[PDB]
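Chains as they are written, first to last, in the deposited numbering: chain D, 71 to 140; chain U, 478 to 636; chain c, 22 to 268, 278 to 312; chain Z, 5 to 290; chain A, 98 to 145; chain C, 59 to 116; chain E, 50 to 98; chain b, 1 to 191; chain a, 283 to 376; chain F, 89 to 99, 119 to 176.
Where is the CB? At the ideal position from N, CA and C, for every residue including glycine.
See structure below.
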Ligand SMILES: [Zn+2]
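In structure tokens, the structure reads:
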């Protein structure tokens, strides 16, 4: 089941993804992203992402239908 | 049907069994649950081949899910406290494709070995609870440990 | 007055789901619609045995989009084929809108329920049904009289209808106010499962087909180089650990690199050796 | 013509549904329908199908019925639904080909010239036989033999596009799948490959038994392909292949020393940390 | 509303401009007559 | 992993600048660029902590 | 009639062999893949797609 | 009057190559099926008609359908380049009659044979028995060859009309004037 | 005749058998490769010829039986190793 | 939906259009209209959902050419 869950998490990183700017971090797992579609969203960070590379205005790819910082 | 089964619980009388079998064969969902439960109650702990064969066959023949649940609990109750005498039915219901019949097998494991603490029954229950693909059958298998281990409650949280 | 139970389930057949998904994707970005065939087994069961699509019309998805002539000829002619199932309900794809009913959808559903009280209006999202999750829901209705008089739309007798939570999107678009979401259950017997398993059943051959030895060596070299760098990181991190009371680890990445090298190399060795034995001149 | 035929995991379910809905009372054991799909002068993919009313009689295997205007009407309805798929071939259960297969193919060659038989095996799904697709060819029997038709096998694949394969996955998601290949699953795959090899071996041996005693005629291309395949077997001798010990031990370097010693050191490191952690927990507790 | 596309009762469509949204060619409702519609005026149009 | 998977399927929440908490139940908030809405406040968030010109998630 | 039309945009970068950063004109940018049969060696940055 | 699904058995064999009717025996069969199907369709509007070929295989070009125009057009370009086979033709007619759409439709086919059937009386009589078990009521009309109403055909009639059973009339057509009136005087009045 | 047990055929065999001079074995091998019947190669240094050829023949029903026995041998070898790996990996197969 | 045809590209002609929803769109096939005149700027009514050219409509105006009567 762990292998299956890891497969699902990896699949959620598939394409297409919308580009956005990581505005600010809120929690250990949520952040505020300004999507390039011209709207700002309070979304969820994927756990596997290295937090240290998440710097302000860093370009991030967001899930197409949930805008989660993928 | 619920009243008949619960009042005649375990009496194994034939007239009530025949009437309730007729009602079950009338093939209706609302009354089917009561019919199956009442067959389980009336012939409780009887190990009767006729009743078990008829009920398993109907469970493999009908289409209404409520009838399926009623027949599942009925099959469980017909084989109450029969211990290792129920292994054939237990295997036959464990290998069934229908998840409701697998739940019936778990309930039968619970009822046949109620309080025995049989290590083989515990092993089968735990394997099903950690391996089965249907959530309801996992739930039934893991709750059956209560009936199996009620006689030794101090060992029960440990598992 | 009888009320449909919250334990009522819509048993969607496996191929019904497959056809709905294919037709929904085909219609993207437009909206498609079709009729759902099956039988109302009892008051707590709706079995959608099959579905057939309907011609795309300029109206969209409405009750004028169901061609009575097309519906007829399809019904009689499928009956001739061997599918004599009453039309259970209808379906239409909301592409990327989620699963809910817009005002025209409730209008068409009222038209359908004029035919039969038990008649569902399942919908599917063809693009949100990415690999894994399948976004399909089944709503019937809520009659205005039952709601306005205050009675709950559906009687409850079990937890079956409360196992899954309604979504905010559907809730805003009138769920639990004009229609209720019916739990969807997928009738999938063992035969269909074993046949679907052939989609990714590789063959009896690749279980004996060796991976390219040059590509094997290049993969192994890359992995051992990564193991180098991860081991250097591990040594540095562990040297820090000693000057660290309890207060990406090079260790884990190292571990899954080890696991991948394990499986690949052991499989290659064993496969080559079996190929030596069974694939023998004798 | 076609170097590969792709069968989507929808026409498979269509054939299963047709076989079930018939065999409720239809003990003919074989049912014939029309399969549509996008048509290419390259690899062919079957995207949809429908069931035509087919009747067959066991007498002489020459009296049968296929309502062709039903075929045309259903194809018109599918065109209205989706004009993209065109009549491509046909299907029938009963994996043993009957006598009317070729006649039905000739009947259906008018609606599409390159009609292909696509047999669907329903009950027997043991190892490797999900389907077998055949196409009639215009050759008598060989260079110097009398007339026949002799359906030609085409390599078949089960492939799905997006928004159909996801339905398959949702229908799946039992204890099955696990697309990533763990060592256990790979060894199981090797065992399955051995089993399939043995089954094919027994099949060819059975045919050779049927031919050797004269029950089945000697078919010259069959015997030729035999002699080729037993000629094609490799030799583990000729000690230049045997110098594969080189690469075997080269593998043993990366499996034996690197990853295994690293795993052992990692396990020991996890051990000592617990032993300190347990010691620290004890000290916090005299 | 903009140019009448030279309707003549066979081209009742007109290009209409919904503010900062797009512009669409659209046909009349049965409750209105073309004599009541000419270019340049504000007109209420349905969603569907 | 499963809880992360579940939480990743839910839509992202718009951010918005609360103009003023109109009432103990309603809040006037401007969200770029959809416009200004007057939302309600759920069970968890207490109104008094919502101060004008602070960023919220809808 | 069976066609659906397509967005237009400019390729901005080649993240890997498959994933491409593509900016739609007067719109948002995405990371997208490419069709199976295509000349990836032709998809230079700035190529309108 | 009665609902039926007609399954006409048109012969385009090479033994059909006869001059017994003035222009052409094959064209005699074409306009004969034309006139009889006209009479049958005009007798009952909802009836169904179909076509079968009997030459070297049983081609079922048109099955049990109400429209007469398309079966009519199938009669043309029939290309009589085959060899007749009565038994398999009537078997296909019977199985098509089993596969009719409307259950109320009383089974009925129109058979025109203008070739000497090459068969054995035992298979013919057993086939008559088999068609009798299914209560399939045929009409049979002898055209073409001089052995009109052969003992095979008379046995077929008297067995399918077992003790005056279904009504497979032995209507006799002279090897000369197979005239349209000679082909409508008997059947439109009775069968 | 030789079932690849000793593929390398010395020029004496081809000379005596084909009743040719050892100068012409190479020529006829080259001709046979050129037409398309055999795809072997020639080792003049040790006077040997390697043969990997794809030309079959009719097969003399007794030869059908012999090749059946060869198939039986290789299939029982396959079966035996399948049981061996299955037994050794029964812990992992599950 | 009316769209301003930005230009026509050869492929046998494909057009990129700027619909009035400030959106650019590439059309592998030029709708249900002829494709010869089709000036790069000819305003057309493109389909609201599938975005293909159902019909062409006469040009609106060209700034000063309407500013001059
Ligand atoms: Zn809708």
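Residue nearest to residue i in terms of C-alpha spacing, selected from the options
i	options	result
residue 118 of chain F	F:97, F:170, F:127 and F:175	For residue 118 of chain F, nothing is modelled; it lies in the interval where chain F passes from 99 to 119 with no residues in between.
residue 480 of chain U	U:636, U:569, U:561 and U:508	U:508
residue 58 of chain c	c:49, c:67 and c:71	c:71
residue 221 of chain c	Z:172, Z:89, Z:265 and Z:277	Z:172
residue 58 of chain E	F:93, F:92, F:120 and F:131	F:131
residue 581 of chain U	U:548, U:593, U:498 and U:609	U:548
residue 158 of chain c	c:202, c:73 and c:147	c:202
residue 616 of chain U	U:532, U:606, U:579 and U:610	U:606
residue 225 of chain c	Z:191, Z:220 and Z:214	Z:191
residue 249 of chain c	c:44, c:281, c:294 and c:232	c:281
Any chain E beta carbon closer than 8 Å to residue i
i	result
residue 88 of chain D	yes
Which of helix, strand or coil DSSP assigns to residue i
i	result
residue 141 of chain b	strand
residue 591 of chain U	coil
residue 158 of chain c	strand
residue 93 of chain F	strand
residue 227 of chain Z	helix
residue 73 of chain b	helix
residue 152 of chain F	strand
residue 9 of chain b	strand
residue 191 of chain c	helix
residue 139 of chain A	coil
residue 356 of chain a	helix
residue 117 of chain A	coil
Proximity test, Cβ basis, 8 Å: residue i and chain F
i	result
residue 119 of chain A	yes
residue 102 of chain A	yes
Beta carbon proximity, residue i to chain A, threshold 8 Å
i	result
residue 170 of chain F	no
residue 128 of chain F	yes
Cβ of residue i within 8 Å of any chain Z Cβ
i	result
residue 221 of chain b	In the structure as shown, chain b starts at 1 and stops at 191, and residue 221 of chain b therefore has no counterpart that could be examined.
residue 99 of chain b	yes
residue 101 of chain c	yes
Residue-level contact to chain c via CB, residue i, 8 Å cutoff
i	result
residue 351 of chain a	no
residue 290 of chain Z	no
Close-in-space but distant-in-sequence residues of the same chain around residue i (CB under 6 Å, 5 per side omitted)
i	result
residue 6 of chain Z	48 and 158
Per-residue contacts from residue i into chain b (C-beta, under 7 Å)
i	result
residue 66 of chain Z	88
7 Å Cβ shell around residue i - same chain, five flanking residues per side excluded
i	result
residue 150 of chain Z	144
Listed by chain order, chain Z residues near residue i by CB distance under 7 Å
i	result
residue 346 of chain a	212, 215 and 216
Cβ neighbours of residue i in the same chain (closer than 8 Å, five flanking residues each side left out)
i	result
residue 188 of chain b	39 and 43
residue 128 of chain b	155, 156, 159 and 160
residue 128 of chain c	83 and 84
residue 555 of chain U	516, 517, 520, 521, 522, 523, 524, 525, 528, 529 and 532
Residue i: contacting residues in chain c (beta-carbon distance under 9 Å)
i	result
residue 120 of chain D	278
Test: residue i CB closer than 8 Å to a CB of chain C
i	result
residue 79 of chain D	yes
Any chain a beta carbon closer than 8 Å to residue i
i	result
residue 209 of chain Z	yes
Closer than 8 Å to chain b by CB, residue i
i	result
residue 69 of chain Z	yes
Residue i: contacting residues in chain F (beta-carbon distance under 8 Å)
i	result
residue 70 of chain E	Result: empty, since nearest Cβ-Cβ is about 18 Å, beyond 8 Å.
Chain-ordered chain E contacts of residue i [CB-CB under 7 Å]
i	result
residue 85 of chain D	68, 80, 81 and 82
Beta carbon proximity, residue i to chain D, threshold 8 Å
i	result
residue 190 of chain c	no
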